[PDB]
file work.csv (CSV, C-alpha atoms and all ligand atoms)
chain,number,residue,atom,x,y,z
A,1,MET,CA,-51.0,-59.8,-26.1
A,2,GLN,CA,-53.8,-59.4,-28.8
A,3,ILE,CA,-57.5,-60.1,-28.5
A,4,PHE,CA,-60.3,-59.6,-31.0
A,5,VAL,CA,-63.6,-57.6,-30.6
A,6,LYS,CA,-66.4,-58.6,-32.9
A,7,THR,CA,-69.3,-56.2,-33.4
A,8,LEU,CA,-72.9,-56.7,-34.5
A,9,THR,CA,-72.3,-56.4,-38.3
A,10,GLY,CA,-69.3,-58.8,-38.0
A,11,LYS,CA,-66.7,-56.1,-38.2
A,12,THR,CA,-63.7,-57.6,-36.4
A,13,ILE,CA,-61.4,-55.1,-34.6
A,14,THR,CA,-58.1,-56.0,-32.9
A,15,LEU,CA,-56.8,-54.9,-29.5
A,16,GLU,CA,-53.5,-54.7,-27.6
A,17,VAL,CA,-54.2,-55.7,-24.0
A,18,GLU,CA,-52.5,-57.0,-20.9
A,19,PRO,CA,-53.6,-60.1,-18.9
A,20,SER,CA,-54.5,-58.0,-15.9
A,21,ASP,CA,-56.3,-55.2,-17.8
A,22,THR,CA,-59.6,-54.3,-16.2
A,23,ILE,CA,-62.8,-54.1,-18.3
A,24,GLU,CA,-63.2,-50.4,-17.8
A,25,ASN,CA,-59.8,-50.5,-19.4
A,26,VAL,CA,-60.9,-52.3,-22.5
A,27,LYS,CA,-63.8,-50.0,-23.0
A,28,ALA,CA,-61.4,-47.0,-23.0
A,29,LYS,CA,-59.3,-48.8,-25.7
A,30,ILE,CA,-62.4,-49.3,-27.9
A,31,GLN,CA,-63.3,-45.7,-27.3
A,32,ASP,CA,-59.9,-44.8,-28.7
A,33,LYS,CA,-60.4,-46.9,-31.8
A,34,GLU,CA,-64.1,-46.4,-32.5
A,35,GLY,CA,-65.1,-43.2,-30.6
A,36,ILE,CA,-67.7,-45.1,-28.6
A,37,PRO,CA,-68.0,-43.9,-25.0
A,38,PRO,CA,-67.4,-46.8,-22.5
A,39,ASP,CA,-70.8,-46.1,-20.8
A,40,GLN,CA,-72.4,-47.2,-24.0
A,41,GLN,CA,-70.7,-50.5,-24.6
A,42,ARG,CA,-71.3,-53.8,-22.9
A,43,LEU,CA,-68.8,-56.7,-23.4
A,44,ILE,CA,-69.6,-60.4,-23.5
A,45,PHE,CA,-67.1,-63.2,-23.5
A,46,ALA,CA,-68.2,-66.9,-23.9
A,47,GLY,CA,-71.8,-66.1,-23.0
A,48,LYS,CA,-71.1,-64.1,-19.9
A,49,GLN,CA,-71.4,-60.3,-19.8
A,50,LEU,CA,-68.2,-58.9,-18.3
A,51,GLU,CA,-68.3,-56.2,-15.7
A,52,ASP,CA,-65.7,-53.4,-15.4
A,53,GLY,CA,-63.2,-53.7,-12.6
A,54,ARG,CA,-62.8,-57.4,-13.3
A,55,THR,CA,-59.7,-58.2,-15.3
A,56,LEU,CA,-59.2,-60.2,-18.5
A,57,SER,CA,-57.5,-62.9,-16.5
A,58,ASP,CA,-60.3,-62.9,-13.9
A,59,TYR,CA,-62.3,-64.3,-16.8
A,60,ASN,CA,-59.5,-66.5,-18.3
A,61,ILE,CA,-59.3,-64.4,-21.5
A,62,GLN,CA,-55.9,-65.1,-23.1
A,63,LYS,CA,-54.1,-64.1,-26.2
A,64,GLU,CA,-56.1,-64.1,-29.5
A,65,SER,CA,-59.4,-64.5,-27.7
A,66,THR,CA,-62.7,-63.0,-29.0
A,67,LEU,CA,-64.9,-60.6,-27.1
A,68,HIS,CA,-68.3,-59.6,-28.5
A,69,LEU,CA,-69.5,-56.0,-28.4
A,70,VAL,CA,-73.1,-54.9,-27.8
A,71,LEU,CA,-74.3,-51.3,-27.2
A,72,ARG,CA,-76.8,-49.5,-25.0
A,73,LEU,CA,-77.8,-46.2,-26.6
B,1,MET,CA,-98.0,-60.1,-12.8
B,2,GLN,CA,-94.2,-60.6,-12.5
B,3,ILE,CA,-91.6,-62.9,-14.0
B,4,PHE,CA,-87.9,-63.2,-13.5
B,5,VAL,CA,-85.1,-62.9,-16.2
B,6,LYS,CA,-81.6,-64.3,-15.7
B,7,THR,CA,-79.6,-61.8,-17.7
B,8,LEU,CA,-76.2,-62.0,-19.4
B,9,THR,CA,-74.5,-60.9,-16.1
B,10,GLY,CA,-75.8,-63.9,-14.2
B,11,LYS,CA,-77.8,-61.4,-12.2
B,12,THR,CA,-81.6,-61.5,-12.3
B,13,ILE,CA,-84.1,-58.8,-13.2
B,14,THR,CA,-87.8,-58.4,-12.4
B,15,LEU,CA,-90.3,-57.8,-15.2
B,16,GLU,CA,-93.9,-56.5,-14.7
B,17,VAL,CA,-95.9,-58.2,-17.4
B,18,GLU,CA,-99.4,-59.0,-18.7
B,19,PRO,CA,-100.3,-62.6,-19.8
B,20,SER,CA,-101.0,-61.5,-23.4
B,21,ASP,CA,-97.6,-60.0,-23.7
B,22,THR,CA,-95.9,-61.5,-26.7
B,23,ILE,CA,-92.2,-62.4,-26.6
B,24,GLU,CA,-91.5,-59.4,-28.8
B,25,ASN,CA,-93.0,-57.3,-25.9
B,26,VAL,CA,-90.8,-59.0,-23.4
B,27,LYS,CA,-87.6,-58.6,-25.4
B,28,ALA,CA,-88.4,-54.9,-25.6
B,29,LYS,CA,-88.8,-54.7,-21.9
B,30,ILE,CA,-85.3,-56.3,-21.5
B,31,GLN,CA,-84.0,-53.7,-24.0
B,32,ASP,CA,-84.8,-50.9,-21.6
B,33,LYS,CA,-83.4,-52.5,-18.4
B,34,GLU,CA,-80.3,-54.1,-20.0
B,35,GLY,CA,-79.5,-52.5,-23.3
B,36,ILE,CA,-79.7,-55.4,-25.7
B,37,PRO,CA,-81.7,-55.0,-28.9
B,38,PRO,CA,-84.6,-57.4,-29.4
B,39,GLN,CA,-83.0,-58.5,-32.6
B,40,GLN,CA,-80.0,-59.8,-30.6
B,41,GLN,CA,-82.0,-61.6,-27.8
B,42,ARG,CA,-82.9,-65.2,-27.5
B,43,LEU,CA,-85.1,-66.2,-24.6
B,44,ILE,CA,-85.2,-69.7,-23.1
B,45,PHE,CA,-87.8,-71.2,-20.8
B,46,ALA,CA,-88.4,-74.7,-19.5
B,47,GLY,CA,-86.3,-76.2,-22.4
B,48,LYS,CA,-88.1,-74.1,-25.0
B,49,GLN,CA,-87.0,-71.2,-27.2
B,50,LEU,CA,-89.7,-68.6,-27.3
B,51,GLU,CA,-90.8,-67.2,-30.7
B,52,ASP,CA,-91.4,-63.5,-31.3
B,53,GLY,CA,-95.0,-64.0,-32.1
B,54,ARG,CA,-96.2,-66.1,-29.2
B,55,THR,CA,-97.6,-64.9,-25.9
B,56,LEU,CA,-96.8,-65.7,-22.3
B,57,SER,CA,-100.0,-67.7,-22.0
B,58,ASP,CA,-99.2,-69.8,-25.1
B,59,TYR,CA,-96.1,-71.2,-23.4
B,60,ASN,CA,-98.1,-71.1,-20.2
B,61,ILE,CA,-95.6,-69.0,-18.2
B,62,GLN,CA,-96.9,-68.0,-14.8
B,63,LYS,CA,-96.0,-65.5,-12.1
B,64,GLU,CA,-92.5,-65.6,-10.6
B,65,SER,CA,-91.3,-67.7,-13.6
B,66,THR,CA,-87.7,-67.4,-14.7
B,67,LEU,CA,-86.4,-67.0,-18.2
B,68,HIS,CA,-82.7,-67.5,-19.1
B,69,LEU,CA,-81.6,-64.8,-21.5
B,70,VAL,CA,-79.1,-65.6,-24.2
B,71,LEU,CA,-77.1,-63.8,-26.9
B,72,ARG,CA,-77.9,-64.3,-30.6
B,73,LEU,CA,-74.5,-64.6,-32.1
B,74,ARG,CA,-73.0,-66.5,-35.0
B,75,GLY,CA,-70.0,-66.5,-37.4
A,101,ZN,ZN,-49.2,-58.1,-27.3
A,102,ZN,ZN,-48.6,-52.3,-18.3
A,103,ZN,ZN,-67.9,-48.7,-17.2
A,104,ZN,ZN,-67.6,-65.7,-29.5
A,105,ZN,ZN,-96.9,-55.2,-21.6
A,106,ZN,ZN,-89.3,-48.1,-23.0
A,107,ZN,ZN,-101.7,-66.7,-28.8
call {"tool": "encode", "arguments": {"input": "work.csv", "output": "structure tokens"}}
result
Amino acid sequence: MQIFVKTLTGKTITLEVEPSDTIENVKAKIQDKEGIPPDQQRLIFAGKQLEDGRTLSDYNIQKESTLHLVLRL
Amino acid sequence: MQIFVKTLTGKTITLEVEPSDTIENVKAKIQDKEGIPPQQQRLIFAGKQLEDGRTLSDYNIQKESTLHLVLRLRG
């Protein structure tokens, strides 16, 4: 399934994920597409800031959902 | 003094502050402990949104007070 990741400047990048993909897993996918180390990114979905080791499904994130990306650098 | 911030993780962080600290000061403090830029923060207290240029005394926020932190997103 697909999900979208919106950045700060609005740049909308697309991901190929699986329902039971951990968050540490999503960060690695972003690293692959944008060269940003996982330890630098923080992901928020519908207000909540997701924590690695919880899965997309643990947060009811389904196909074509939008995650927002923030960074700690 | 000390106030509490409910972050984006539902967790809660402790801030050591002065009464004259402006909201821009507080946002900066959160930037260190959490990682979010001040330009992306929106701070809520007792039903009010706090403006960058007002102090903790203006809103009359006292010790052990709790501020709900919120993301500043659009589009
Ligand atoms: Zn797919
Ligand atoms: Zn698989
Ligand atoms: Zn991580
Ligand atoms: Zn959104
Ligand atoms: Zn200060
Ligand atoms: Zn600092
Ligand atoms: Zn004042």
call {"tool": "residues_around", "arguments": {"input": "work.csv", "residues": "residue 47 (chain A)", "least_positions_apart": "2", "cutoff": "8 Å", "atoms": "only C-alpha atoms", "output": "list in words"}}
result
residues 44, 45 and 49 of chain A; 8, 70 and 71 of chain B
call {"tool": "residues_around", "arguments": {"input": "work.csv", "residues": "region 16-29 of chain B", "least_positions_apart": "3", "cutoff": "7 Å", "atoms": "all atoms listed in the file", "output": "list in words"}}
result
residues 1, 2, 3, 32, 33, 38, 41, 50, 51, 52, 53, 54, 55, 56 and 57 of chain B
call {"tool": "interface_residues", "arguments": {"input": "work.csv", "of": "chain B", "to": "chain A", "cutoff": "9 Å", "atoms": "all atoms listed in the file", "output": "PyMOL selection string"}}
result
chain B and resi 7-10+31-32+34-37+40+70-71+73+75
call {"tool": "atom_distance", "arguments": {"input": "work.csv", "atom1": "CA of residue 14 (chain A)", "atom2": "CA of residue 2 (chain A)"}}
result
6.8 Å
call {"tool": "atom_distance", "arguments": {"input": "work.csv", "atom1": "CA of residue 65 (chain A)", "atom2": "CA of residue 67 (chain B)"}}
result
28.7 Å
call {"tool": "closest_residue", "arguments": {"input": "work.csv", "among": "B:46, B:30, B:13, B:5", "to": "ligand ZN 106 (chain A)", "atoms": "all atoms listed in the file"}}
result
B:30
call {"tool": "closest_residue", "arguments": {"input": "work.csv", "among": "B:64, B:39, B:45, B:58", "to": "ligand ZN 107 (chain A)", "atoms": "all atoms listed in the file"}}
result
B:58
call {"tool": "residues_near_ligand", "arguments": {"input": "work.csv", "ligand": "ligand ZN 102 (chain A)", "cutoff": "9 Å", "atoms": "all atoms listed in the file", "output": "MDAnalysis selection string"}}
result
chainID A and resid 17:18 20:21
call {"tool": "residues_near_ligand", "arguments": {"input": "work.csv", "ligand": "ligand ZN 103 (chain A)", "cutoff": "7 Å", "atoms": "all atoms listed in the file", "output": "ChimeraX atom specification"}}
result
/A:24,38-39,52
call {"tool": "atom_distance", "arguments": {"input": "work.csv", "atom1": "CA of residue 25 (chain A)", "atom2": "CA of residue 59 (chain A)"}}
result
14.3 Å
call {"tool": "closest_residue", "arguments": {"input": "work.csv", "among": "B:11, B:59, B:68, B:74", "to": "ligand ZN 107 (chain A)", "atoms": "all atoms listed in the file"}}
result
B:59
call {"tool": "closest_residue", "arguments": {"input": "work.csv", "among": "A:11, A:35, A:55, A:3", "to": "residue 23 (chain A)", "atoms": "all atoms listed in the file"}}
result
A:55
